[PDB]
Amino acid sequence: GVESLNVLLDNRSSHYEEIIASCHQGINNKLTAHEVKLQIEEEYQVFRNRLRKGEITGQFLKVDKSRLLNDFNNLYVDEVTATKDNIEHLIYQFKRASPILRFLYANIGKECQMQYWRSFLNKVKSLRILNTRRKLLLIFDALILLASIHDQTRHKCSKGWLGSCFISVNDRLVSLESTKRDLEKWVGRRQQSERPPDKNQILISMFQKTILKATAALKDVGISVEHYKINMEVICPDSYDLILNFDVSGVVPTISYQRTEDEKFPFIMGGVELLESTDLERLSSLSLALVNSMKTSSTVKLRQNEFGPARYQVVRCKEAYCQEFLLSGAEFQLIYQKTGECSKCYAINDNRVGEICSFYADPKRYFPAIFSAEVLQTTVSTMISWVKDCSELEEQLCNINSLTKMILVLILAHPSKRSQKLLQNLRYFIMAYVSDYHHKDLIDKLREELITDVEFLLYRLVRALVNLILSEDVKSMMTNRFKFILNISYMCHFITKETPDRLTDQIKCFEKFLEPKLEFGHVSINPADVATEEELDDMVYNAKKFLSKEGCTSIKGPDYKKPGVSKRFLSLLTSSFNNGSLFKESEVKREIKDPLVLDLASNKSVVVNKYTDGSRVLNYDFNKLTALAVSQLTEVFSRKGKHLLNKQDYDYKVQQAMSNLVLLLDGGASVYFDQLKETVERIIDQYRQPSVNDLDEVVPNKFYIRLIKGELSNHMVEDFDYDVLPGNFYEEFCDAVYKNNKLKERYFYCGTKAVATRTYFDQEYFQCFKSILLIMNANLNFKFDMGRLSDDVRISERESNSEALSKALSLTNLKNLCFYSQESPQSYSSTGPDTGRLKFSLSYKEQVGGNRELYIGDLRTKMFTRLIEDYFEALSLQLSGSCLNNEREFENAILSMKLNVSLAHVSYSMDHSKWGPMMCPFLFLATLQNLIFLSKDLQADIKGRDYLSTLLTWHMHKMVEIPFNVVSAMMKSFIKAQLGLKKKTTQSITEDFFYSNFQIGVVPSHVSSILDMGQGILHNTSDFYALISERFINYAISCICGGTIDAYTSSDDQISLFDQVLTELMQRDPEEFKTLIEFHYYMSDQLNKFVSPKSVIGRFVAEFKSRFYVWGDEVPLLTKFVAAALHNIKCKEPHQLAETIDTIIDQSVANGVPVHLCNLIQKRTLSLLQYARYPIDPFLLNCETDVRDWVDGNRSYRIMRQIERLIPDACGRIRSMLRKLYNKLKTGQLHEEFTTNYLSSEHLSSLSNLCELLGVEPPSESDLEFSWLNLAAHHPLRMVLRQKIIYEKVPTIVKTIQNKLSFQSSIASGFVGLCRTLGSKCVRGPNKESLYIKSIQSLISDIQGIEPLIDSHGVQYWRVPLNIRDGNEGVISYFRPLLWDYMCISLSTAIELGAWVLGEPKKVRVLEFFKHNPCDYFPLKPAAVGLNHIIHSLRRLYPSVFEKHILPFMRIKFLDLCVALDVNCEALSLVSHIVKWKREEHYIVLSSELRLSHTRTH
RNA sequence: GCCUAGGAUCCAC
RNA sequence: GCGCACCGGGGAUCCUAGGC
Ligand SMILES: [Mn+2]
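Printed below as a string of structure tokens:
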């Protein structure tokens, strides 16, 4: 099902023929195996001659450790003017490098009424009851202050104060004097305006009105105020005088916005040792308060707190937000003034001092250190323990430890971007160090453009550590030190994957995308859907030029790192592929056959175009773009730049003129100014259905509308809470909507609207209400509509793959979506299909270091790309060598690399530079128009090649969309530079390219060139080309020398193992081996494969897709996995976060990470949950695992281990029964009596009957009472919206099958959302309700027979006697009989894994201690279904679920038992875990920890 | 400019 | 003390009516 082009018209006229005849000009794909050898010998002779003479550069250098170390030392010798640094001096100046670091190592160190009043007012404000219009927060602060006054007069509860400021309702920290003066002014002005009443009276009345309105609104939605233990006695008849006469003396908090001198730090600088963990604990608390600084709602402000430019100097705190955090003997307040995630200025303040240190920061970057105060210490301890027995270093081990700790603390404190590329490039350095040859242009690629002082200090520390490890007299254990330095390098993963700045990264990415095209020689700009003849001529010219490359037979010789491919070498490659020369013997037998003889359902944000007429828009509108740019600069100046400058400034007057235009003459700017004026005037004149505002047409009480909006924004429509509104309001709203003919016909079907009609007529008032909401839900004065303008300038629109795919499927009525459909093309042209030329859209992934760009096309583009991808994949599958998809080939490559390193043979661990942009679809078209697969069959191969040619032709003429952000930024920069503001006179090539089109009209929207291959688009075609070219290169090398090479590659990589011949050659004659490597480089360049300067040749290591291998030992990437586990949390249900962390940690332990650290990672995750006020269930995580629990067991085995650890002596009498039960089920006794009489029956009364059915003693009466609290027992928790989702008690297995058959937030924002959910009515009642977790805790504490129990790790489980099992069935419904769930899971694993798990576990205690070195590994294999196997076996035990859930989503003798044993489980994934996530089959563990893992004998 | 009544904004994005 | 494509981020009030 590939060839389907015969349904369309060809229309290939005089252009496709030209491109075809281009790649047949000077190419001879018929050379025999002898002419090819002769030409290769000639080329090699000429190359060796011209390399000895010196007409060609060296390009490779033999490794000299001394020279490499010297270059790394003098890598940054223009600012770091030094060579050797004293370790003590480095330590000394580390603890003073920055505010955060100064604070980390400094020498520092009641149930009152104010808390009640503050919580009450916070709840009142959260509901958005009272419209803040005239200093409402002022009387809020007045109430809080009165509460505090009464409180202190009672017993002097000196909390909630900061010397002279107190914490207000939301989070605000207001000063006493300022609010006192404000109350004075307000009472005075009010008394004057209303003038008889005393000031005390006029204040108490103002308090009473607000309190009365708040209490009345609260006693309307069942939030009765008696819950909050408030006391309205605090409103004393003598209060105003009590306030004005109250005064607390202390300090005044401050925030410093400028770089303060290093003497105002009120504590001793360095007292904390690096060995201790107190610095990590301080960083943990500070990072926690910094992430919490994002949960503050953006309330209005009372006072301006400063005036004029002094508002960016040292600023006193009269009204600012404040987050508290404690340090082990004291408390501190992180004070700030802005709310959100954007970068802002914080300041730490104490109670006995003020403004300890202020610093700018970005809150959503400090997550990796939240509770990892003991994980990181153990990481450093293990890394030090690696190189600990090296006798050349034992004299100065403490310095190595100090440097490692300092590097970690530093990268955690300041997670800057360019402080990550340094630690990344350290890997390439240490790789080239131990090798034998490397690229001469290496050091010029390790240099990162460092900026701040902290980055230079980090470089200094790294340099000291390197020169301490890789010395010239430490030739003891190179493998351990290599692994140590590699892990130090991989420490870069501890920073973040995110981007510090969106626009700057998206512009650097566009510069990377645009520069090579401009430097190549030609670029088409703003192409039309019907390509112009000149554009076709330029494409043909660029085509004929792309083959014009030459080298080593010319005057100038070769020119390296320039895109293109020589006709001679392309002809050699095609001929050698047609002569069977590039065919191993295991492939000439099975002759190569041409491959001509829901699926996209994802969340890739596929693109979709806009249509203004019959044609679609392909160019931004110049006038609209400049209008939007000016509209942006207006908000930038008014909202922000107002309190920044004076008014006599030229730039200020120009910006204010532009603002008045939206809301000089002697420089040539008045002309352009009036042009912009008339343009924006035309735009404003040109800019002069159901929705949310329809709620205004229905609900009279605006407060109810505010509640509805708050719900809709906090939670999705589906989990809308019932008790947020009065019951009668639902029916009233439904009636009022249905009566309004307009809204009735806009939301109901009188002929989803059908569902609204049904639910209304059925009197399902809440259902009708939620349906209506779902249909609906889907500052400065502007003289026009700003949002429609902003959304009209854009050209493309993103969405989900599934949405557009379903729309296309509905419009059809894989290949069925692009050829047989109502919106199908008729006559594909030369450029592209009849629909129009292919179109992509630039993006970029978030990758450590640099960021690769991802192309995104619309549906037709994705389909036509997938056709070529599948064709070339099925083609490459016949040939051996590629490892992009074939996992078996990758494992073979790993085995070959291991064998090669074991023999100390030469290994070339290559990599290619700019593989994406340099490759081009024309190259693939040329290399495809010359191969012949089927030597005999020459009938259908021609048709297949013609089809693939006509597809690659379209892919050649593709047009890439320039992102809207970068074009807007360039337009604003152009406007500014036209005004003359900030003349730079540099004008990088990108800016020149943009301006050259801006100042002549048209704006660059779509760019098309012959040069770029979509990075990640043709990922398999490029892989096939790389395979077929590397095979020819190795064939040439074998033809010249007398050795062989075995190469593996996945589309950008190369691991080339050399035979013994090449190794002994490099041993004897270094010159010949070097010129061979150089000729290999030359060849790879001649075929458009530019070897990257990050490639090495050595006999010590071998990397492939970041999988290093040394002799004997194996190198784990400890810090990589630890950093991947530290920040890997989301805003999801806790039993899913736990499963994700468990999978991550399993993958980790399968790669050499010790378990003593994985336990600490799990403890950190549990602490992160405990902080969010969530109870810990036994089915969450087992933080006491061993080695066996990851190699033998699986997800559900460590759970059994944990439960056994919780309740010993009770699970034993259950395994005793389970052994006999498994024996009976395996011999084939019943196999159905159990699966029906006990799996579809009661729980405990059935459990005792089941265990007495066999010949074992039933459990004691005081064992069935052990139960665990299962929140979400009726319905899963309602999660607060952190991502817009694109468009009964269902068992978890059913939802897993649904997921398989078919814009999120950052990590820190996700953790904030998680902490916001748990504590905001997340649980759901039996039928439909909402309760706080604390309310359920209270309801459980009421019953004086329920006993809680907690383990040392903090796992909760309860003891509920049997007499309480009834009567009060409102809460007991949430408990589950732990023992029975343990039995169920144990049985579900005993038939998943072997029957061993039912044995009696015993710890190996007869084993004495061995002298365990921290580096000696042990390889192990795990102790060893499908999708339709489950779905064809589920309609037998629960056919109603099929008829209800799984039907529209379209034999094993024991799967029918397991697939039902997990349905009634509803406690943990049992078969879902093996159907959704594949277990790894190769583990590398510590041979010392295996000595302590338990034994589970049958 | 100030005061009063009402309307708008008052998780993160 | 953030970002560091030299361009960004770093303090929230607004509207209608009436009275002085
Ligand atoms: Mn590689």
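Last residue of the first sequence: 1538 in this note's numbering, with the numbers rising by one and none dropped. All C-beta atoms, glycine included, are put in the ideal place defined by N, C-alpha and C.
**Prompt:** Of all the options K664, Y744, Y770, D706, which has the alpha carbon lying nearest to the alpha carbon of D725?
**Reply:** Measuring from the Cα of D725, the nearest candidate turns out to be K664.
**Request:** Starting from the C-beta of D238, find all residues in its chain whose C-beta is less than 6 Å away, skip the five residues before and the five after it, and write them out in chain order.
**Result:** Non-local C-beta neighbours of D238 in its own chain, meaning closer than 6 Å and more than five positions away in sequence, are absent.
Please state whether the Cβ-Cβ distance between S840 and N618 is less than 8 Å.
Going by C-beta atoms, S840 is not nearer than 8 Å to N618.
At a cut-off of 7 Å, is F930 close to ligand 1 when judged by its beta-carbon and the heavy atoms of the ligand? False, no ligand heavy atom lies under 7 Å from that Cβ.
Near ligand 1, which residues have their beta-carbon closer than 6 Å to a heavy atom?
-> Residues flagged by the Cβ proximity filter: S949, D951, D1093, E1143, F1144.
Length-filtered (4 minimum) alpha helix (DSSP H) runs lying within the segment 1314 to 1392
1332 to 1341, 1347 to 1357, 1373 to 1382, all fully within the segment 1314 to 1392.
- Message: Rounded to whole angstroms, what is the Cα-Cα separation between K1335 and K1516?
- Response: Those two C-alpha atoms are separated by around 12 Å.
Using DSSP with H/G/I as helix, E/B as strand and the rest coil, what is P1194? It is coil, neither helix nor strand.
* **Inter-residue spacing [alpha-carbon to alpha-carbon] between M471 and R521** => Distance between the alpha carbons of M471 and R521 is about 12 Å.
Item to complete: Report back the beta-carbon spacing between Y145 and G369 to the nearest angstrom; my notes put them in contact at under 8 Å.
Response: Contact doesn't hold; Cβ gap of about 16 Å is too wide.
Checklist line | Identity of the residues DSSP links to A360 by a beta bridge | finding: The partner list for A360 (beta bridge, DSSP) reads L213.
| In the segment 444 to 502, which residue ranges form an unbroken alpha helix (DSSP H) of at least 4 residues, counting only runs that do not cross its ends? | Considered as a whole, the segment 444 to 502 harbours 458 to 474, 483 to 486 as its complete alpha helix (DSSP H) runs of no fewer than 4 residues, in chain order.
Can you tell me which of the three DSSP states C774 falls into?
Under the three-state reduction of DSSP output, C774 falls in the helix class.
Can at least three beta-carbon pairs, one atom from the segment 947 to 957 and one from the segment 1127 to 1136, be found at a separation below 8 Å? Yes, since at least three Cβ pairs between the segment 947 to 957 and the segment 1127 to 1136 fall closer than 8 Å, the two stretches touch.
Tell me the residue span of the alpha helix (DSSP H) that contains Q1176.
According to the DSSP assignment, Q1176 belongs to the alpha helix (DSSP H) that extends over 1174 to 1189.
DSSP-derived helix/strand/coil call for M334
Assignment of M334 by DSSP, reduced to helix, strand and coil, places it in the coil class.
*asked:* Once the 5 residues before and after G872 are set aside, which same chain residues still bring their CB inside 7 Å of it?
replied: The residues are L878, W994, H997.
Checklist entry - Between which two residues does the beta strand (DSSP E) harbouring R838 extend? => result From DSSP, the beta strand (DSSP E) with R838 extends over 837 to 839.
To which residues does DSSP link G1138 through a beta bridge?
-> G1138 pairs with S947.
Exercise. When DSSP builds the beta bridges, which residues end up paired with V646?
Worked result: The bridge partners DSSP lists for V646 are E839.
According to DSSP, simplified to helix, strand and coil, what is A818? Reduced to three states, the DSSP call for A818 is coil.
With respect to the alpha helix (DSSP H) encompassing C1079, which residues constitute its N-terminal and C-terminal limits? Counting along the chain, the unbroken alpha helix (DSSP H) around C1079 starts and ends at 1059 to 1080.
Is it buried or exposed for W1436, if we count other Cβ within 10 angstroms and need 16 for buried? Taking all protein chains in view, the Cβ of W1436 is surrounded by fewer than 16 other Cβ atoms within 10 Å, so the residue is classified as exposed.
- [ ] Express the C-alpha separation of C549 and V1411 in angstroms, rounding to a whole number.
- [x] Roughly 56 Å between the two C-alpha positions.
Requested in this report: Could you please give the first and the last residue of the uninterrupted beta strand (DSSP E) stretch that includes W1517?
Outcome: DSSP places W1517 in no beta strand (DSSP E); its state is neither H nor E.
Three-state class that DSSP yields for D1086 in the structure shown = In the structure shown, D1086 sits in a strand (DSSP, three-state: E or B).
Are at least three pairs of beta-carbons, each pair with one atom in the segment 1038 to 1056 and one in the segment 906 to 926, less than 8 Å apart? Contact between the segment 1038 to 1056 and the segment 906 to 926 is absent, with fewer than three C-beta pairs closer than 8 Å.
- The alpha helix (DSSP H) with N389 in it runs from where to where? First-last for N389: 384 to 389, but that is the beta strand (DSSP E), not the alpha helix (DSSP H).
* What number of angstroms, rounded off, separates the C-alpha of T72 from the C-alpha of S616? -> Our two residues, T72 and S616, have alpha carbons roughly 8 Å apart in a direct line.
Notebook entry, point to check: Does the beta-carbon of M1106 have 16 or more other beta-carbons within 10 angstroms, so that it is buried, or is it exposed?
Noted result: Counting the other Cβ atoms within 10 Å of the Cβ of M1106 gives 16 or more, which makes it buried.
Q.
Taking the straight line between their C-alpha atoms, what separation do you get for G767 and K378?
A. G767 and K378: Cα-Cα distance of roughly 39 Å.
For this session: Tell me whether the beta-carbon of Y477 lies closer than 8 Å to the beta-carbon of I1117.
Result: Against a cut-off of 8 Å, the Cβ pair of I1117 and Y477 comes out as a contact.
With DSSP as the reference, please indicate the residues paired to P1459 in a beta bridge.
-> Beta-bridge pairing by DSSP links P1459 to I1524.
Item to check | alpha helix (DSSP H) segment containing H1534, residue limits | outcome: For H1534, no alpha helix (DSSP H) encloses it, and the DSSP letter there is neither H nor E.
So, at 7 Å on beta carbons, what are the nonlocal neighbours of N940 in its own chain, with the 5 sequence-adjacent residues on each side left out?
Cβ neighbours of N940 beyond the five flanking positions: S947, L1097, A1142.
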